Amino acid sequence: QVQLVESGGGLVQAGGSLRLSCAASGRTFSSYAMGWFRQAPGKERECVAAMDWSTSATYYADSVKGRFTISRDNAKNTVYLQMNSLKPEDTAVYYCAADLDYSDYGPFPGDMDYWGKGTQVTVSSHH
């Protein structure tokens with residue numbers, strides 16, 4: 001069975017970093033575009049980042065440009081999201097997703113071929 005499993009999330013202080021990891025298993029993924037979505041309760045799910053397979057094109061939501069970096073490792077069947085300078089507005093469930101069609105990311109996404117179950121990221125501040 002095909003699975004995308006996110007890890008590396010959880011709690012982090014504002015200004016901190018996390019590196020999400022998506023372990024993709026059960027089929028060949030090197031010809032899939034991979035991406036990250038996020039959704040906070042009461043808000044729509046949005047595409048945060050994506051990367052093509054057939055070219056090195058990447059997409060980032062405006063709110064994360066310069067802060068988040070998507071990359072992948074085909075040998076490890078993993079996709080990463082380096083998330084820096086985190087703010088409370090980054091708090092959400094982050095989902096890994098795979099799609100044959102890179103044009104299905106980003107600001108008006110299509111449906112993905114596979115979805116991870118998601119992992120919680122919580123960015124808190126303290127004053």
Side-chain angles (χ1 to χ4, degrees):
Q1 206 217 232
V2 174
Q3 296 185 49
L4 306 182
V5 176
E6 304 88 349
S7 64
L11 179 67
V12 59
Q13 76 292 342
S17 294
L18 289 168
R19 185 192 196 214
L20 303 190
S21 207
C22 171
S25 63
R27 63 160 307 121
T28 309
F29 291 104
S30 53
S31 275
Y32 280 75
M34 303 294 298
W36 291 94
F37 288 79
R38 77 181 169 181
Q39 190 182 18
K43 296 251 288 177
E44 67 186 38
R45 184 157 60 182
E46 67 178 332
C47 185
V48 172
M51 61 188 311
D52 193 6
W53 62 269
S54 61
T55 73
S56 59
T58 56
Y59 166 85
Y60 299 98
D62 291 338
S63 60
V64 308
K65 290 193 178 171
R67 296 193 302 122
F68 290 15
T69 307
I70 189 174
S71 61
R72 71 188 302 179
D73 181 331
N74 278 303
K76 296 191 188 219
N77 267 157
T78 59
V79 194
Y80 303 105
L81 188 65
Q82 184 58 46
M83 304 184 286
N84 299 330
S85 311
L86 284 164
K87 312 160 189 177
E89 322 85 55
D90 299 311
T91 291
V93 178
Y94 285 70
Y95 300 89
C96 178
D99 195 316
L100 287 173
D101 201 328
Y102 172 73
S103 68
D104 284 350
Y105 308 91
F108 292 98
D111 210 3
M112 298 283 111
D113 292 318
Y114 306 96
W115 285 100
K117 292 291 285 302
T119 190
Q120 184 68 50
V121 168
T122 304
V123 182
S124 49
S125 65
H126 307 286
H127 327 120

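All residue numbers in this chain count up from 1 along the given sequence. Heavy-atom basis, side chains included; hydrogens, waters and symmetry copies ignored.
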(request) Determine whether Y114 and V5 fall in the same hydrophobic cluster, where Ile, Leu, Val, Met, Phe, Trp and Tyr are linked whenever their side-chain heavy atoms lie under 4.5 Å apart. (result) no
(request) May I ask you to test the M112-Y105 pair for a side-chain heavy-atom distance under 4.5 Å? (result) yes
(request) Using the rule that two of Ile, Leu, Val, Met, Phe, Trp, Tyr join whenever any of their side-chain heavy atoms come within less than 4.5 Å, decide whether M51 and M83 are in one cluster. (result) yes
(request) Would you list the pairs meeting disulfide (SG to SG under 2.5 Å) in which at least one residue belongs to residues 59-91, sequence neighbours left out? (result) none
(request) Apply the side-chain contact (heavy atoms from CB on, under 4.5 Å) test between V121 and each candidate in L20, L81, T91; give the one that qualifies. (result) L20
(request) Kindly compute the distance separating OG (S25) from CD (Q1), expressed to the nearest 0.5 Å. (result) 8.5 Å
(message) Quick check on the hydrophobic clustering: are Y59 and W53 connected, directly or via other members, by side-chain heavy-atom contacts under 4.5 Å?
(response) no
(message) On a heavy-atom basis, which atom in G8 and which in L18 lie closest, and how many Å separate them?
(response) O-CD2, 3.7 Å
(message) Let me confirm one number: the CG-CD distance from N77 to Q3, rounded to the nearest 0.5 Å.
(response) 12.5 Å
(message) Please give me the minimum heavy-atom distance between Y102 and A57, naming the atom from each residue.
(response) OH-C, 3.5 Å
(request) Can you run down the disulfide (SG to SG under 2.5 Å) pairs that involve residues 33-102, sequence neighbours left out, and say none if there aren't any? (result) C22-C96
(message) In the structure I gave you, are the side-chain heavy atoms of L4 and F29 within less than 4.5 Å of one another anywhere?
(response) yes
(message) With clusters defined by side-chain heavy atoms of hydrophobic residues (ILVMFWY) lying less than 4.5 Å apart, directly or transitively, does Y60 cluster with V79?
(response) yes
(message) Just so I know, are the side chains of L86 and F68 near enough to count as touching, which here means a heavy-atom distance under 4.5 Å?
(response) yes
(request) Could you grab the distance from atom CG of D101 to atom CG of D111, nearest 0.5 Å is fine? (result) 12.0 Å
(message) I need the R72 CZ to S21 OG distance, nearest 0.5 Å.
(response) 12.5 Å
N/O donor to acceptor pairs below 3.5 angstrom from side-chain atoms of residues 30-38, sequence neighbours left out:
residue	atom	partner	partner atom	Å
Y32	OH	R27	NE	3.4
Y32	OH	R27	NH1	3.3
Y32	OH	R27	NH2	3.3
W36	NE1	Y80	O	3.4
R38	NE	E46	OE2	2.7
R38	NH1	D90	OD1	2.9
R38	NH1	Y94	OH	2.9
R38	NH2	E46	OE2	3.1
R38	NH2	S63	OG	3.3

(request) Kindly work out whether a path of hydrophobic side-chain contacts (I/L/V/M/F/W/Y, heavy atoms less than 4.5 Å apart) joins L100 to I70. (result) yes
(request) Report the distance from atom CG of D99 to atom CG of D113, rounding to the nearest 0.5 Å. (result) 4.0 Å
(message) Tell me the closest heavy-atom pair linking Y95 and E6, and the distance in Å.
(response) CA-OE2, 3.4 Å
